[PDB]
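Below you'll find the structure, written out as structure tokens, and then a few comments.
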Ligand SMILES: Nc1nc2c(ncn2[C@@H]2O[C@H](COP(=O)(O)OP(=O)(O)O)[C@@H](O)[C@H]2O)c(=O)[nH]1
Ligand SMILES: Nc1nc2c(ncn2[C@@H]2O[C@H](COP(=O)(O)OP(=O)(O)O)[C@@H](O)[C@H]2O)c(=O)[nH]1
Ligand SMILES: [Mg+2]
Ligand SMILES: [Mg+2]
């Protein structure tokens, strides 16, 4: 198995992938067409589904039978990262289907998902995709751990994509197997926390990636925590998580970007996130909903034929 | 399927087509006679209905049975553009009939339609043709999306 396999789906996933092409063979991209394929993608894996050239209900029956074929192109790995938009038609279908397959592999993985906010279609898709991940968490009895990134009004997709790529790199660093005290089994039991803590409920959880003790301590109701420290003198057993582990980073590890990084999983935060999306959409729809069309310009007097022709 | 097929109907459609002849094979023109056919049209498709050499009620029964024949000359495309005057007799009949057929293809398309303003005949035709498009939108359960340009 490789150390980590990175999986990207849909346009948003393709776009984020462009920022991670230096990871090469470890990167696997999937989409239903080539609208988002650019030259830099030659450096990574790209697979497009057949017969599929925004509506998830339409895309699902077309792509479902192809999933096994997609999975054969994804090597066995010690950890996976999955990335896509919750709000489109392709990423939000391919992403969760592949995620279900990773759960069947008994894999350790996290996802980076975008809350798209443009339209009621985006918002509806966001809701259905979050519900999808919840259903998968239940059906596979496994936490589905996601770093949720909302497209906040006024912020460029470029900016958001940059932030996501930088977080993905921290996870790639986390799982690089080069830290003192930190095992592949330690990582597995961090993210698959219900395996050994059977009294906990598998569900959609959030991943919070923080670079200070203060920010990490402020994650509410933390369930499972992993901390990396460059200066082992700064290690402090803070917070109240059920599961906690620490790794010591190496100063000659060129990928070490920060002095300490905390990866905190909780789940009592997704609620609000969803509420904000529902409330925001409601307000927007209310302004556009409150409509009142005018009366028909044609009366029962006009002679209209079967094609609606009035001659 | 081609990327886009452009369809023009009636005199106004023929006239607009002359400005788009560089698009060649993608352009398909239809009329009931040749009053608006000029040399540059050789570069595109032109089809004239049979037995039809301003009154829409008169033109409709003549052209309706020929529509299937017209549609066979229009390739399957990923998108269509339709263009005609709302206010004459030929464009405002051929245009919407072809539009109905495109709806049956489950096609994606938009139209460019002209609001003719010369006479009460033009204005009456404009009204009846807009109503036609509304009836089609309802019957085919599809938005009929038009860029409206008043003279
Ligand atoms: N953060 C971010 N959001 C995007 C990007 N592209 C599109 N979006 C938003 O995500 C939604 C889904 O787009 P996309 O991922 O391309 O859809 P898909 O290809 O069907 O999976 C769009 O409607 C936008 O609101 C991107 O590059 N970054
Ligand atoms: N914008 C524009 N309007 C036109 C043109 N030719 C005619 N019209 C107006 O549109 C009406 C219909 O003309 P036309 O399209 O030739 O009728 P049709 O051949 O029966 O479809 C005329 O009565 C004019 O008011 C044109 O080239 N451009
Ligand atoms: Mg797409
Ligand atoms: Mg004419």
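Laboratory data are not the source of any read-out in this text; all were calculated from the coordinates shown. Positions of Cβ are backbone-derived with ideal geometry, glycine not excepted, and every protein chain shown enters the neighbour counts.
If you take the residues of the stretch A:26-41 that are in a helix (DSSP H, G or I) and crowded, with 17+ Cβ neighbours inside 10 Å, which of them is farthest from ligand 1 (Cβ to nearest atom)?
The first filter runs over the stretch A:26-41 and keeps only residues in a helix (DSSP H, G or I), leaving A:26, A:39-41.
Filter once more, keeping what is crowded, with 17+ Cβ neighbours inside 10 Å: A:26, A:41.
Details: A:26: 21, A:41: 14 Å.
Taking the candidates together, the pick is A:26.
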(message) Can you tell me which residue is farthest from ligand 4 (Cβ to nearest atom) among those in the stretch A:146-164 that are assigned to a helix (DSSP H, G or I) and surrounded by fewer than 17 Cβ atoms within 10 Å (Cβ to Cβ)?
(response) A:163
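Does residue B:8 count as part of a strand (DSSP E or B), over 12 Å from residue B:93 (Cβ atoms) and within 11 Å of ligand 2 (Cβ to nearest atom)? Steps first, please.
Values: part of a strand (DSSP E or B): yes; over 12 Å from residue B:93 (Cβ atoms): yes; within 11 Å of ligand 2 (Cβ to nearest atom): yes.
Spelling it out, residue B:8 is indeed part of a strand (DSSP E or B), over 12 Å from residue B:93 (Cβ atoms) and within 11 Å of ligand 2 (Cβ to nearest atom).
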(request) Using the structure shown, decide if residue A:170 is within 27 Å of residue A:21 (Cα to Cα), out of contact with any helix residue (DSSP H, G or I) (no Cβ under 8 Å at 6 or more places or on another chain) and part of a helix (DSSP H, G or I). (result) yes
(request) Return yes when residue B:36 is closer than 19 Å to residue B:113 by Cα, out of contact with any strand residue (DSSP E or B) (no Cβ under 6 Å at 6 or more places or on another chain) and more than 14 Å from chain A (Cβ to nearest Cβ) and no when it is not. (result) yes
(message) Consider the stretch A:196-227. How many of its residues are closer than 17 Å to residue A:257 by Cβ and in a loop (DSSP other than H, G, I, E, B)?
(response) 2
(message) Just to be sure before I move on: is residue B:99 away from ligand 1 (no atom under 16 Å from the Cβ) and in contact with a strand residue (DSSP E or B) (Cβ under 6 Å, 6 or more places away or on another chain) in the structure I sent?
(response) yes
(request) Give A:273, A:297, A:265 a once-over and let me know the one that is more than 11 Å from chain B (Cβ to nearest Cβ) and not in a strand (DSSP E or B). (result) A:273
(message) Among the residues of the stretch A:276-294, what is the count of those that are in contact with a strand residue (DSSP E or B) (Cβ under 8 Å, 6 or more places away or on another chain) and either part of a loop (DSSP other than H, G, I, E, B) or crowded, with 18+ Cβ neighbours inside 10 Å (or both)?
(response) 1
(request) State all residues of the stretch A:6-19 that are surrounded by fewer than 23 Cβ atoms within 10 Å (Cβ to Cβ) and more than 14 Å from ligand 3 (Cβ to nearest atom); if no residue qualifies, say none. (result) A:18, A:19
(request) Check whether at least one residue in the stretch A:92-105 is surrounded by fewer than 19 Cβ atoms within 10 Å (Cβ to Cβ) and over 27 Å from residue A:141 (Cα atoms), and report yes or no. (result) no
(message) Looking at A:256, A:246 in this structure, which one is more than 30 Å from residue A:119 (Cβ to Cβ) and assigned to a strand (DSSP E or B)?
(response) A:246
(request) Would you be able to say whether some residue in the stretch A:48-63 is away from ligand 2 (no atom under 16 Å from the Cβ) and touching a strand residue (DSSP E or B) at 6+ places or on another chain (Cβ under 6 Å)? (result) yes
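Looking at the stretch A:111-148, which of its residues are touching a strand residue (DSSP E or B) at 6+ places or on another chain (Cβ under 7 Å) and within 16 Å of ligand 3 (Cβ to nearest atom)?
Of everything in the stretch A:111-148, those that are touching a strand residue (DSSP E or B) at 6+ places or on another chain (Cβ under 7 Å) and within 16 Å of ligand 3 (Cβ to nearest atom) turn out to be A:113, A:114, A:116, A:126.
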(request) With the condition kept exactly as written, say whether any residue in the stretch A:228-239 is assigned to a helix (DSSP H, G or I) and either closer than 27 Å to residue B:134 by Cβ or within 14 Å of chain B (Cβ to nearest Cβ) (or both). (result) no
